[PDB]
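Taken together, the values in this text are just the output of simple stated rules run on the coordinates, not laboratory data. Every residue, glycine as well, gets a Cβ built from its backbone with ideal geometry; the counts of neighbours run over all protein chains shown.
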Amino acid sequence: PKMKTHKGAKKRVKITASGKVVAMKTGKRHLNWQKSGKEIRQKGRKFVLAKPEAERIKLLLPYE
Amino acid sequence: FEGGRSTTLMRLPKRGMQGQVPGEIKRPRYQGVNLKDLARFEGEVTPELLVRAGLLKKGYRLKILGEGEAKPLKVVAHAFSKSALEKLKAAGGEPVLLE
Amino acid sequence: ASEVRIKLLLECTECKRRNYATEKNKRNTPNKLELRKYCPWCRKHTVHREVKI
RNA sequence: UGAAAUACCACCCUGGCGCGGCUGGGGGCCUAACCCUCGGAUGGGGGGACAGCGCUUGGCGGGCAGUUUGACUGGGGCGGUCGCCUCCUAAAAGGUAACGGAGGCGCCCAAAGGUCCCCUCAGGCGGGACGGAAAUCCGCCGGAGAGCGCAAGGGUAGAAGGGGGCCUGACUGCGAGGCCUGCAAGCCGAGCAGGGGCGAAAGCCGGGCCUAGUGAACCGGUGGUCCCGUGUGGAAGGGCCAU
RNA sequence: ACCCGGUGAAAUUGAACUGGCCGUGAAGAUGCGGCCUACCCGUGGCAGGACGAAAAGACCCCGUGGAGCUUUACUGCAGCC
RNA sequence: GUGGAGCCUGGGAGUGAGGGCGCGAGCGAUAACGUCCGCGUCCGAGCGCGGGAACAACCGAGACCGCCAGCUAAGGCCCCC
RNA sequence: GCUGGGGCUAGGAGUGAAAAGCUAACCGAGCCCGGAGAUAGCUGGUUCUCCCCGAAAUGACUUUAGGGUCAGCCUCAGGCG
RNA sequence: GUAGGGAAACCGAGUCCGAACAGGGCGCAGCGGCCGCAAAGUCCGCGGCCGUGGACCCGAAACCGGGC
RNA sequence: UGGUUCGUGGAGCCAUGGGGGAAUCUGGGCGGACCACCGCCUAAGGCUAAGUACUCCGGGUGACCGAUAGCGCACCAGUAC
RNA sequence: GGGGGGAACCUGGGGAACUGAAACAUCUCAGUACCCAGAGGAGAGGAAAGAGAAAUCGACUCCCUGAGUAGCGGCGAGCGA
Ligand SMILES: *C(=O)[C@H](CCSC)NC=O
Ligand SMILES: [Mg+2]
Ligand SMILES: [Mg+2]
Ligand SMILES: [Mg+2]
Ligand SMILES: [Mg+2]
Ligand SMILES: [Mg+2]
Ligand SMILES: [Mg+2]
Ligand SMILES: [Mg+2]
Ligand SMILES: [Mg+2]
Ligand SMILES: [Mg+2]
Ligand SMILES: [Mg+2]
Ligand SMILES: [Mg+2]
Ligand SMILES: [Mg+2]
Ligand SMILES: [Mg+2]
Ligand SMILES: [Mg+2]
Ligand SMILES: [Mg+2]
Ligand SMILES: [Mg+2]
Ligand SMILES: [Mg+2]
Ligand SMILES: [Mg+2]
Ligand SMILES: [Mg+2]
Ligand SMILES: [Mg+2]
Ligand SMILES: [Mg+2]
Ligand SMILES: [Mg+2]
Ligand SMILES: [Mg+2]
Ligand SMILES: [Mg+2]
Ligand SMILES: [Mg+2]
Ligand SMILES: [Mg+2]
Ligand SMILES: [Mg+2]
Ligand SMILES: [Mg+2]
Ligand SMILES: [Mg+2]
Ligand SMILES: [Mg+2]
Ligand SMILES: [Mg+2]
Ligand SMILES: [Mg+2]
Ligand SMILES: [Mg+2]
Ligand SMILES: [Mg+2]
Ligand SMILES: [Mg+2]
Ligand SMILES: [Mg+2]
Ligand SMILES: [Mg+2]
Ligand SMILES: [Mg+2]
Ligand SMILES: [Mg+2]
Ligand SMILES: [Mg+2]
Ligand SMILES: [Mg+2]
Ligand SMILES: [Mg+2]
Ligand SMILES: [Mg+2]
Ligand SMILES: [Mg+2]
Ligand SMILES: [Mg+2]
Ligand SMILES: [Mg+2]
Ligand SMILES: [Mg+2]
Ligand SMILES: [Mg+2]
Ligand SMILES: [Mg+2]
Ligand SMILES: [Mg+2]
Ligand SMILES: [Mg+2]
Ligand SMILES: [Mg+2]
Ligand SMILES: [Mg+2]
Ligand SMILES: [Mg+2]
Ligand SMILES: [Mg+2]
Ligand SMILES: [Mg+2]
Ligand SMILES: [Mg+2]
Ligand SMILES: [Mg+2]
Ligand SMILES: [Mg+2]
Ligand SMILES: [Mg+2]
Ligand SMILES: [Mg+2]
Ligand SMILES: [Mg+2]
Ligand SMILES: [Mg+2]
Ligand SMILES: [Mg+2]
Ligand SMILES: [Mg+2]
Ligand SMILES: [Mg+2]
Ligand SMILES: [Mg+2]
Ligand SMILES: [Mg+2]
Ligand SMILES: [Mg+2]
Ligand SMILES: [Mg+2]
Ligand SMILES: [Mg+2]
Ligand SMILES: [Mg+2]
Ligand SMILES: [Mg+2]
Ligand SMILES: [Mg+2]
Ligand SMILES: [Mg+2]
Ligand SMILES: [Mg+2]
Ligand SMILES: [Mg+2]
Ligand SMILES: [Mg+2]
Ligand SMILES: [Mg+2]
Ligand SMILES: [Mg+2]
Ligand SMILES: [Mg+2]
Ligand SMILES: [Mg+2]
Ligand SMILES: [Mg+2]
Ligand SMILES: [Mg+2]
Ligand SMILES: [Mg+2]
Ligand SMILES: [Mg+2]
Ligand SMILES: [Mg+2]
Ligand SMILES: [Mg+2]
Ligand SMILES: [Mg+2]
Ligand SMILES: [Mg+2]
Ligand SMILES: [Mg+2]
Ligand SMILES: [Mg+2]
Ligand SMILES: [Mg+2]
Ligand SMILES: [Mg+2]
Ligand SMILES: [Mg+2]
Ligand SMILES: [Mg+2]
Ligand SMILES: [Mg+2]
Ligand SMILES: [Mg+2]
Ligand SMILES: [Mg+2]
Ligand SMILES: [Mg+2]
Ligand SMILES: [Mg+2]
Ligand SMILES: [Mg+2]
Ligand SMILES: [Mg+2]
Ligand SMILES: [Mg+2]
Ligand SMILES: [Mg+2]
Ligand SMILES: [Mg+2]
Ligand SMILES: [Mg+2]
Ligand SMILES: [Mg+2]
Ligand SMILES: [Mg+2]
Ligand SMILES: [Mg+2]
Ligand SMILES: [Mg+2]
Ligand SMILES: [Mg+2]
Ligand SMILES: [Mg+2]
Ligand SMILES: [Mg+2]
Ligand SMILES: [Mg+2]
Ligand SMILES: [Mg+2]
Ligand SMILES: [Mg+2]
Ligand SMILES: [Mg+2]
Ligand SMILES: [Mg+2]
Ligand SMILES: [Mg+2]
Ligand SMILES: [Mg+2]
Ligand SMILES: [Mg+2]
Ligand SMILES: [Mg+2]
Ligand SMILES: [Mg+2]
Ligand SMILES: [Mg+2]
Ligand SMILES: [Mg+2]
Ligand SMILES: [Mg+2]
Ligand SMILES: [Mg+2]
Ligand SMILES: [Mg+2]
Ligand SMILES: [Mg+2]
Ligand SMILES: [Mg+2]
Ligand SMILES: [Mg+2]
Ligand SMILES: [Mg+2]
Ligand SMILES: [Mg+2]
Ligand SMILES: [Mg+2]
Ligand SMILES: [Mg+2]
Ligand SMILES: [Mg+2]
Ligand SMILES: [Mg+2]
Ligand SMILES: [Mg+2]
Ligand SMILES: [Mg+2]
Ligand SMILES: [Mg+2]
Ligand SMILES: [Mg+2]
Ligand SMILES: [Mg+2]
Ligand SMILES: [Mg+2]
Ligand SMILES: [Mg+2]
Ligand SMILES: [Mg+2]
Ligand SMILES: [Mg+2]
Ligand SMILES: [Mg+2]
Ligand SMILES: [Mg+2]
Ligand SMILES: [Mg+2]
Ligand SMILES: [Mg+2]
Ligand SMILES: [Mg+2]
Ligand SMILES: [Mg+2]
Ligand SMILES: [Mg+2]
Ligand SMILES: [Mg+2]
Ligand SMILES: [Mg+2]
Ligand SMILES: [Mg+2]
Ligand SMILES: [Mg+2]
Ligand SMILES: [Mg+2]
Ligand SMILES: [Mg+2]
Ligand SMILES: [Mg+2]
Ligand SMILES: [Mg+2]
Ligand SMILES: [Mg+2]
Ligand SMILES: [Mg+2]
Ligand SMILES: [Mg+2]
Ligand SMILES: [Mg+2]
Ligand SMILES: [Mg+2]
Ligand SMILES: [Mg+2]
Ligand SMILES: [Mg+2]
Ligand SMILES: [Mg+2]
Ligand SMILES: [Mg+2]
Ligand SMILES: [Mg+2]
Ligand SMILES: [Mg+2]
Ligand SMILES: [Mg+2]
Ligand SMILES: [Mg+2]
Ligand SMILES: [Mg+2]
Ligand SMILES: [Mg+2]
Ligand SMILES: [Mg+2]
Ligand SMILES: [Mg+2]
Ligand SMILES: [Mg+2]
Ligand SMILES: [Mg+2]
Ligand SMILES: [Mg+2]
Ligand SMILES: [Mg+2]
Ligand SMILES: [Mg+2]
Ligand SMILES: [Mg+2]
Ligand SMILES: [Mg+2]
Ligand SMILES: [Mg+2]
Ligand SMILES: [Mg+2]
Ligand SMILES: [Mg+2]
Ligand SMILES: [Mg+2]
Ligand SMILES: [Mg+2]
Ligand SMILES: [Mg+2]
Ligand SMILES: [Mg+2]
Ligand SMILES: [Mg+2]
Ligand SMILES: [Mg+2]
Ligand SMILES: [Mg+2]
Ligand SMILES: [Mg+2]
Ligand SMILES: [Mg+2]
Ligand SMILES: [Mg+2]
Ligand SMILES: [Mg+2]
Ligand SMILES: [Mg+2]
Ligand SMILES: [Mg+2]
Ligand SMILES: [Mg+2]
Ligand SMILES: [Mg+2]
Ligand SMILES: [Mg+2]
Ligand SMILES: [Mg+2]
Ligand SMILES: [Mg+2]
Ligand SMILES: [Mg+2]
Ligand SMILES: [Mg+2]
Ligand SMILES: [Mg+2]
Ligand SMILES: [Mg+2]
Ligand SMILES: [Mg+2]
Ligand SMILES: [Mg+2]
Ligand SMILES: [Mg+2]
Ligand SMILES: [Mg+2]
Ligand SMILES: [Mg+2]
Ligand SMILES: [Mg+2]
Ligand SMILES: [Mg+2]
Ligand SMILES: [Mg+2]
Ligand SMILES: [Mg+2]
Ligand SMILES: [Mg+2]
Ligand SMILES: [Mg+2]
Ligand SMILES: [Mg+2]
Ligand SMILES: [Mg+2]
Ligand SMILES: [Mg+2]
Ligand SMILES: [Mg+2]
Ligand SMILES: [Mg+2]
Ligand SMILES: [Mg+2]
Ligand SMILES: [Mg+2]
Ligand SMILES: [Mg+2]
Ligand SMILES: [Mg+2]
Ligand SMILES: [Mg+2]
Ligand SMILES: [Mg+2]
Ligand SMILES: [Mg+2]
Ligand SMILES: [Mg+2]
Ligand SMILES: [Mg+2]
Ligand SMILES: [Mg+2]
Ligand SMILES: [Mg+2]
Ligand SMILES: [Mg+2]
Ligand SMILES: [Mg+2]
Ligand SMILES: [Mg+2]
Ligand SMILES: [Mg+2]
Ligand SMILES: [Mg+2]
Ligand SMILES: [Mg+2]
Ligand SMILES: [Mg+2]
Ligand SMILES: [Mg+2]
Ligand SMILES: [Mg+2]
Ligand SMILES: [Mg+2]
Ligand SMILES: [Mg+2]
Ligand SMILES: [Mg+2]
Ligand SMILES: [Mg+2]
Ligand SMILES: [Mg+2]
Ligand SMILES: [Mg+2]
Ligand SMILES: [Mg+2]
Ligand SMILES: [Mg+2]
Ligand SMILES: [Mg+2]
Ligand SMILES: [Mg+2]
Ligand SMILES: [Mg+2]
Ligand SMILES: [Mg+2]
Ligand SMILES: [Mg+2]
Ligand SMILES: [Mg+2]
Ligand SMILES: [Mg+2]
Ligand SMILES: [Mg+2]
Ligand SMILES: [Mg+2]
Ligand SMILES: [Mg+2]
Ligand SMILES: [Mg+2]
Ligand SMILES: [Mg+2]
Ligand SMILES: [Mg+2]
Ligand SMILES: [Mg+2]
Ligand SMILES: [Mg+2]
Ligand SMILES: [Mg+2]
Ligand SMILES: [Mg+2]
Ligand SMILES: [Mg+2]
Ligand SMILES: [Mg+2]
Ligand SMILES: [Mg+2]
Ligand SMILES: [Mg+2]
Ligand SMILES: [Mg+2]
Ligand SMILES: [Mg+2]
Ligand SMILES: [Mg+2]
Ligand SMILES: [Mg+2]
Ligand SMILES: [Zn+2]
């Protein structure tokens, strides 16, 4: 039958208009007290998944 | 799957409202049509007409956006961008907001 | 960090918001920390005081 | 003479009982529910509102049930090991294995951080009360063999070492460009703005001479924000920022 | 058991025109090299070899395989309080 | 330097047990057809061909097909040859 | 004590002067049909022809180590030159 | 498919972070003579491969249900 | 406790084993905790064609099989054994 | 009047496990397999104490779509209006 959307990816990830995949930087969930402002600040942005991992994720989002 | 290790996906963090029961909040929705997509119309454009012509989708309110040049039309839309209001006004157009 | 070297927050003493996380050694520095720090809400340098993390 | 004047009145604090209310406990008896019994049964005897049984609470519980009980490995077990840092092995770029040779980390510092100003070591010989191999003082020599919190290595006095003054940049919002790299991470970073510290100024400052001092995501806590709020206003609950 | 008359199986079997030594070869060769030896075909016997047959090693290890069993492993359930 | 070179985007893989040799080291015993890395090579997949008596990886050499034609390579040229 | 006939107790159950013995010729959990084409990261097996190219047995991570994901290396199409 | 950015309210060829007119992330864009071809995109066919199913075929030891 | 997409979640709704236990429209249930406001509906009795499913049975038709195929059975087959 | 039978189909009462989660317990498989009761040519359902945002619709059943959406989820595998 039809493919089911992987909800774990749908909740972590966005397919941009040109077909890239963007996610939030890992590493600022906790243990932050001794991380510089530069580290906290830069981990607060979105990044672009490397191409091999982006193709696999996009396959899990067939009806976006 | 990645051979047993935590996967590339499951190591990225979740973000944003995911919702909860009883589900999606019913609220009005807007689709944007640009002035360029209006040059094929003479006289009066309405949500009815644009929904017919394959431009505007059913169950969506109509918002006029500003990409393109404005033609002196009587355009009846639920909403207008600032640029769409300037361009259409400064061209003999008749913006008719509504609800 | 340890049991004697604790983590802490600096709260802006004017608008009461915690702006910084840092550490001290509460055996060497028992007094609450007081440090002028730039507050992003007050948009000026302000006295900041140690509160509990 | 009082900290506190005494009569009466009053609202009350610590208690004490008398009545009334709702409550909850124990004890004694009863018989009629329920249970057992009686050749006799709308009855008699016994137990008795307990026991049994229903719903619910917590507990003991291999009697039984489903399962888990890691890997590397000169076979497996036993032993050892598992992430991170330094040196060697490593064949003068980078990288590079073995249960190869050696060590260390899982912290610490409110100054051991910023800046400005000033100072220069270890050791040796000679001189000097207590005073010594070595305390503090004087002279001469002494480029770094000292020191730099802790392993090692690199680095270093034309300071990163020692002292002092004022300070909190151990910033907020960003970040050109790179290093490294399968991913994800890790690392360095000029410059722009905000509001600052030091300096006459040039300028420096987004912790610490540097490389260990660490933990993705899920789940939840707390402080903000006031973004969503299931007919509507609220609220419950989420989101976002910080931790 | 053997010979003659009668009846007449079997496991096994890549095909075979299937010797010895000393070597070589995946390390124990009828089958490769070199040499030696050997006319063709059976019958009765013996078991050294064909790493002879049989049984996808029971030992051993491996599989995030199974099952029996145990307990102060985990988590439940009957039962009992 | 025009090569079954290179770069970019995308479709399809397979492989993730290697092994011998030479040189450089470690481990081992200046042992192993030992073990572990580094550079290279060959076998793997060239168990096709010549040489090395025989013989994956040593020497010679990269087999499109045919020829009762010629030159060479290693290695050979007394006989088996 | 042995024995005939007539009976009763069975699958996590019976029965057992106890061997995990026996319960219809293999019982640490009978047999039959069903769930069912269970699952098997294991072993085996996988069928016409010709032509071109042509690997890998490494790195990282992995309850991983004879299994995977990504990278490396092979191939094809389009592009660049 | 014709619009994206943002957790979202929302704005929109932009948008988000931000105090910013800062910087950055993610977005935005026909050849030849108005005729003609071509092109977003989309539909159908074909082919490779992937997901879900036993999913290349054969094979356990076992687990469970109902009976015998 | 079950049902629902809802696995305790902010957990309503529908159903109900246990305890407590109403009112008759100015009564009552619902709109996802709850409260207000605004609306929707009338529980605790019953029945009700059609459109839907299936194929023992009959017929029609196949880019369905053609005796190892097609049903297990073309045949005296759920038979022999 | 009932009883018993009927290939599948149907409703109700009960209700597994392998398996999947590359281990496993919540979760999955699945209210499936199977047992039982009952019904009929169908069976169930059915005339709002409905839906849910439209000042809207108007019994129930069945197909398409809405939609792998909303949501649910060791927020895992997956489940799914
Ligand atoms: C060792 O003695 C072994 C025993 C087999 S049965 C325990 N023999 C062969 O392997
Ligand atoms: Mg499905
Ligand atoms: Mg998720
Ligand atoms: Mg997103
Ligand atoms: Mg956070
Ligand atoms: Mg912390
Ligand atoms: Mg630090
Ligand atoms: Mg900082
Ligand atoms: Mg950083
Ligand atoms: Mg920030
Ligand atoms: Mg896709
Ligand atoms: Mg897809
Ligand atoms: Mg869609
Ligand atoms: Mg792991
Ligand atoms: Mg969503
Ligand atoms: Mg901080
Ligand atoms: Mg401190
Ligand atoms: Mg802010
Ligand atoms: Mg504190
Ligand atoms: Mg009494
Ligand atoms: Mg009594
Ligand atoms: Mg009496
Ligand atoms: Mg009595
Ligand atoms: Mg009495
Ligand atoms: Mg009596
Ligand atoms: Mg009596
Ligand atoms: Mg009595
Ligand atoms: Mg009682
Ligand atoms: Mg109770
Ligand atoms: Mg209990
Ligand atoms: Mg126990
Ligand atoms: Mg057990
Ligand atoms: Mg017990
Ligand atoms: Mg047992
Ligand atoms: Mg475990
Ligand atoms: Mg384990
Ligand atoms: Mg092991
Ligand atoms: Mg091993
Ligand atoms: Mg050993
Ligand atoms: Mg070894
Ligand atoms: Mg050995
Ligand atoms: Mg061995
Ligand atoms: Mg051990
Ligand atoms: Mg590891
Ligand atoms: Mg570590
Ligand atoms: Mg080197
Ligand atoms: Mg070195
Ligand atoms: Mg490099
Ligand atoms: Mg290796
Ligand atoms: Mg050393
Ligand atoms: Mg450490
Ligand atoms: Mg201080
Ligand atoms: Mg001296
Ligand atoms: Mg002296
Ligand atoms: Mg002295
Ligand atoms: Mg030194
Ligand atoms: Mg020291
Ligand atoms: Mg030390
Ligand atoms: Mg000082
Ligand atoms: Mg100072
Ligand atoms: Mg001052
Ligand atoms: Mg500050
Ligand atoms: Mg960069
Ligand atoms: Mg990277
Ligand atoms: Mg680091
Ligand atoms: Mg400035
Ligand atoms: Mg300044
Ligand atoms: Mg000044
Ligand atoms: Mg200045
Ligand atoms: Mg800077
Ligand atoms: Mg600094
Ligand atoms: Mg310093
Ligand atoms: Mg985390
Ligand atoms: Mg999880
Ligand atoms: Mg959370
Ligand atoms: Mg809060
Ligand atoms: Mg609001
Ligand atoms: Mg509301
Ligand atoms: Mg109000
Ligand atoms: Mg509001
Ligand atoms: Mg919140
Ligand atoms: Mg909040
Ligand atoms: Mg004779
Ligand atoms: Mg005869
Ligand atoms: Mg005969
Ligand atoms: Mg025979
Ligand atoms: Mg033959
Ligand atoms: Mg022959
Ligand atoms: Mg012969
Ligand atoms: Mg012979
Ligand atoms: Mg012979
Ligand atoms: Mg040998
Ligand atoms: Mg031999
Ligand atoms: Mg011979
Ligand atoms: Mg021969
Ligand atoms: Mg030969
Ligand atoms: Mg021969
Ligand atoms: Mg011979
Ligand atoms: Mg010979
Ligand atoms: Mg001889
Ligand atoms: Mg004879
Ligand atoms: Mg003979
Ligand atoms: Mg004989
Ligand atoms: Mg013999
Ligand atoms: Mg014999
Ligand atoms: Mg023999
Ligand atoms: Mg053999
Ligand atoms: Mg033998
Ligand atoms: Mg044999
Ligand atoms: Mg054999
Ligand atoms: Mg077998
Ligand atoms: Mg075997
Ligand atoms: Mg066997
Ligand atoms: Mg045994
Ligand atoms: Mg054994
Ligand atoms: Mg073994
Ligand atoms: Mg085993
Ligand atoms: Mg494994
Ligand atoms: Mg096992
Ligand atoms: Mg078991
Ligand atoms: Mg069992
Ligand atoms: Mg039970
Ligand atoms: Mg070319
Ligand atoms: Mg090539
Ligand atoms: Mg090529
Ligand atoms: Mg190539
Ligand atoms: Mg390429
Ligand atoms: Mg490519
Ligand atoms: Mg292909
Ligand atoms: Mg293929
Ligand atoms: Mg492979
Ligand atoms: Mg491997
Ligand atoms: Mg190797
Ligand atoms: Mg190789
Ligand atoms: Mg190896
Ligand atoms: Mg070798
Ligand atoms: Mg060899
Ligand atoms: Mg060698
Ligand atoms: Mg040589
Ligand atoms: Mg070495
Ligand atoms: Mg020797
Ligand atoms: Mg070897
Ligand atoms: Mg050797
Ligand atoms: Mg060696
Ligand atoms: Mg090699
Ligand atoms: Mg091979
Ligand atoms: Mg060759
Ligand atoms: Mg060869
Ligand atoms: Mg060969
Ligand atoms: Mg070969
Ligand atoms: Mg050969
Ligand atoms: Mg040959
Ligand atoms: Mg040769
Ligand atoms: Mg030869
Ligand atoms: Mg030779
Ligand atoms: Mg050879
Ligand atoms: Mg060679
Ligand atoms: Mg040579
Ligand atoms: Mg050739
Ligand atoms: Mg050629
Ligand atoms: Mg010649
Ligand atoms: Mg020559
Ligand atoms: Mg010769
Ligand atoms: Mg000769
Ligand atoms: Mg000869
Ligand atoms: Mg000869
Ligand atoms: Mg000759
Ligand atoms: Mg008897
Ligand atoms: Mg008898
Ligand atoms: Mg008998
Ligand atoms: Mg009998
Ligand atoms: Mg019995
Ligand atoms: Mg029985
Ligand atoms: Mg059993
Ligand atoms: Mg059974
Ligand atoms: Mg028993
Ligand atoms: Mg007996
Ligand atoms: Mg039997
Ligand atoms: Mg039998
Ligand atoms: Mg028996
Ligand atoms: Mg037995
Ligand atoms: Mg036995
Ligand atoms: Mg069993
Ligand atoms: Mg069993
Ligand atoms: Mg069995
Ligand atoms: Mg039996
Ligand atoms: Mg039987
Ligand atoms: Mg059956
Ligand atoms: Mg069945
Ligand atoms: Mg199944
Ligand atoms: Mg199957
Ligand atoms: Mg099977
Ligand atoms: Mg299994
Ligand atoms: Mg397997
Ligand atoms: Mg087989
Ligand atoms: Mg095969
Ligand atoms: Mg080709
Ligand atoms: Mg080729
Ligand atoms: Mg390997
Ligand atoms: Mg490789
Ligand atoms: Mg490897
Ligand atoms: Mg393993
Ligand atoms: Mg292994
Ligand atoms: Mg293993
Ligand atoms: Mg094998
Ligand atoms: Mg395997
Ligand atoms: Mg691959
Ligand atoms: Mg290449
Ligand atoms: Mg490619
Ligand atoms: Mg090309
Ligand atoms: Mg969006
Ligand atoms: Mg803002
Ligand atoms: Mg901007
Ligand atoms: Mg921008
Ligand atoms: Mg841009
Ligand atoms: Mg087309
Ligand atoms: Mg594919
Ligand atoms: Mg299937
Ligand atoms: Mg299968
Ligand atoms: Mg398939
Ligand atoms: Mg089981
Ligand atoms: Mg089991
Ligand atoms: Mg049974
Ligand atoms: Mg029976
Ligand atoms: Mg519920
Ligand atoms: Mg449910
Ligand atoms: Mg539930
Ligand atoms: Mg609910
Ligand atoms: Mg309500
Ligand atoms: Mg209710
Ligand atoms: Mg009830
Ligand atoms: Mg009313
Ligand atoms: Mg009322
Ligand atoms: Mg109700
Ligand atoms: Mg309602
Ligand atoms: Mg509501
Ligand atoms: Mg209603
Ligand atoms: Mg009604
Ligand atoms: Mg009703
Ligand atoms: Mg009816
Ligand atoms: Mg009907
Ligand atoms: Mg049908
Ligand atoms: Mg028919
Ligand atoms: Mg017919
Ligand atoms: Mg035919
Ligand atoms: Mg026949
Ligand atoms: Mg037949
Ligand atoms: Mg025939
Ligand atoms: Mg046939
Ligand atoms: Mg038939
Ligand atoms: Mg047949
Ligand atoms: Mg028939
Ligand atoms: Mg017959
Ligand atoms: Mg009956
Ligand atoms: Mg009937
Ligand atoms: Mg049914
Ligand atoms: Mg049912
Ligand atoms: Mg049922
Ligand atoms: Mg059961
Ligand atoms: Mg299960
Ligand atoms: Mg299981
Ligand atoms: Mg499955
Ligand atoms: Mg599993
Ligand atoms: Mg599995
Ligand atoms: Mg298992
Ligand atoms: Mg399971
Ligand atoms: Mg479950
Ligand atoms: Mg299933
Ligand atoms: Mg279920
Ligand atoms: Mg009908
Ligand atoms: Mg009907
Ligand atoms: Mg009515
Ligand atoms: Mg309706
Ligand atoms: Mg109406
Ligand atoms: Mg009505
Ligand atoms: Mg849609
Ligand atoms: Mg599921
Ligand atoms: Mg669900
Ligand atoms: Mg569910
Ligand atoms: Mg379900
Ligand atoms: Mg439903
Ligand atoms: Zn403030």
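So is residue C:5 surrounded by 13 or more Cβ atoms within 10 Å (Cβ to Cβ) and away from ligand 62 (no atom under 14 Å from the Cβ) or not? Break it down stepwise before answering.
Details: surrounded by 13 or more Cβ atoms within 10 Å (Cβ to Cβ): yes; away from ligand 62 (no atom under 14 Å from the Cβ): yes.
Judged against the criteria, residue C:5 is a match.
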Does residue C:16 qualify as being more than 21 Å from residue A:36 (Cβ to Cβ) and either without any contact (Cβ under 8 Å) to a residue 60 or more places away in the chain or in a strand (DSSP E or B) (or both)? yes
Within segment A:16-64, can you find the residues that are within 11 Å of another protein chain (Cβ to nearest Cβ), more than 15 Å from the chain's Cα centre (by Cα) and either under 15 Å from residue B:9 (Cβ atoms) or surrounded by 13 or more Cβ atoms within 10 Å (Cβ to Cβ) (or both)? A:32, A:33, A:35, A:40
Screening B:88, B:9 for residues that are under 30 Å from residue A:28 (Cα atoms) and away from ligand 282 (no atom under 16 Å from the Cβ) leaves only B:9
Taking residue B:37 as meeting all but one of (1) assigned to a loop (DSSP other than H, G, I, E, B); (2) among the acidic types (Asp, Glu); (3) touching a residue at least 12 places away in the same chain (Cβ under 8 Å), write down the number of the exception. (1)
Looking at (1) surrounded by 15 or more Cβ atoms within 10 Å (Cβ to Cβ); (2) within 16 Å of RNA strand H (Cβ to nearest atom), can you tell me which one residue C:20 breaks? (2)
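Restricting the search to segment A:9-64, which residues are aromatic (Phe, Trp, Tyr) and either within 16 Å of ligand 17 (Cβ to nearest atom) or under 29 Å from residue C:5 (Cα atoms) (or both)?
Quick first cut of segment A:9-64, residues aromatic (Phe, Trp, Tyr) only: A:33, A:47, A:63.
Passing the criteria: only A:33.
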From the options C:15, C:39, residue that is farther than 22 Å from residue A:30 by Cβ and surrounded by 16 or more Cβ atoms within 10 Å (Cβ to Cβ): C:39
Consider residue C:7 against the criteria (1) in a loop (DSSP other than H, G, I, E, B); (2) closer than 18 Å to residue A:40 by Cα: it satisfies all of them except one. Which criterion is unmet? (1)
Which of the numbered conditions does residue B:3 fail, given that it passes all the others? Conditions: (1) within 16 Å of RNA strand D (Cβ to nearest atom); (2) more than 14 Å from chain A (Cβ to nearest Cβ). (2)
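Whether any residue in segment B:15-31 is under 30 Å from residue A:8 (Cα atoms), among the hydroxyl-bearing types (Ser, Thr, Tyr), crowded, with 16+ Cβ neighbours inside 10 Å and more than 14 Å from chain A (Cβ to nearest Cβ) is what I want to check. Steps first, answer last, please.
Taking segment B:15-31 first, the residues under 30 Å from residue A:8 (Cα atoms) are B:15-31.
In the following step, the residues that additionally are among the hydroxyl-bearing types (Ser, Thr, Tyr) were identified as B:30.
In the following step, the residues that additionally are crowded, with 16+ Cβ neighbours inside 10 Å were identified as none.
No - not one qualifying residue is present in segment B:15-31.
Can you tell me which residue within segment B:41-99, out of those that are among the small types (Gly, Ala, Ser) and within 15 Å of the chain's Cα centre (by Cα), is surrounded by the fewest Cβ atoms within 10 Å (Cβ to Cβ)?
B:54
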